[PDB]
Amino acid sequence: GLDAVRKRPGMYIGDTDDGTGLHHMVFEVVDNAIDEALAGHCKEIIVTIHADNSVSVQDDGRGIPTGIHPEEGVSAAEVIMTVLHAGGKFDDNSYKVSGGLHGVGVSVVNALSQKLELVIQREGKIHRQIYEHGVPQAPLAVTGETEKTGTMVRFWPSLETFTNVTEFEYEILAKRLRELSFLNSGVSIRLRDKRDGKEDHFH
C-alpha cells in the first residue's frame, strides 16, 4: 500500500536526495491536469512555487468527481488520492471507465507529502480535503458555493522523505511545462514563483 511507498520512496517517485523525485512530485500532478485538457475541458493550468517550498497545481477543468460510486461507495477523488497506482479515467458518478494509468499515481505524491490540501469546485460547490502523510484528516467537506469548476491542490513534500535537495528549481519545472504547452496547443500553462516573483506563461 502507501506504507510500502513511504518505506521505499525512491522506488516510486525516484531519487529522494538529488531532487529528481522532488520535481517529479509536481509533474505527476500536472500529468493528471493535462488529461482534463486533452478531454477538452481544461483551458489553463497554473503551477505555483510557494515561499515555504510547497507547490500548488490548479486547473479549470471539470473538477475531480467527489460523489461515491453507487456500488463501490468511493469517489474518484478518494480513490486516486489513497489507492496506489490509481489513475485512468472516471465519469461524473465516479464509475471507472477505460483508460490507462500512466505515471506512478498521485496517491504517491500524497503519501510522501507532509500535507496535501485538495480543493475541488464542481456542481456549484467548493469541496475540501486535507491529507497528512497520506492520511485524510476528515471526510471531504462542502464549504461554500461557487460558479467555477476546476481542481486545486497544494502539497508540502515530507522532509522525512526528501533530503539534501528540498527546494524546487524554477528552471526544471519551466522545462517540462514549456514542453507540454507546445504539445497541447490550446492549453495555457502558467508558472509562478512566489519566492522572487518570476512568472512564465507557456501558450
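The first residue of the shown sequence is 1; numbering continues from there.
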Quick one: say whether 9-17 or 185-193 has the higher mean Cα B-factor in the deposited entry.
185-193
Stretch with higher mean Cα temperature factor, 76-84 vs 96-104, is 96-104
So among 154, 148, 50, 41, who wins on Cα B-factor in the entry?
41
According to the Cα B-factor stored in this entry, which of the following is highest: 64, 140, 135, 174?
174
Per the entry's values, where does residue 56 land by CA temperature factor relative to the rest of its chain, in the lowest, middle or highest third?
lowest
Temperature factor at the Cα of residue 46, chain-ranked in thirds, falls in the middle
Once the chain's modelled residues are ordered by C-alpha B factor and cut into thirds, is residue 165 in the lowest, middle or highest one?
highest
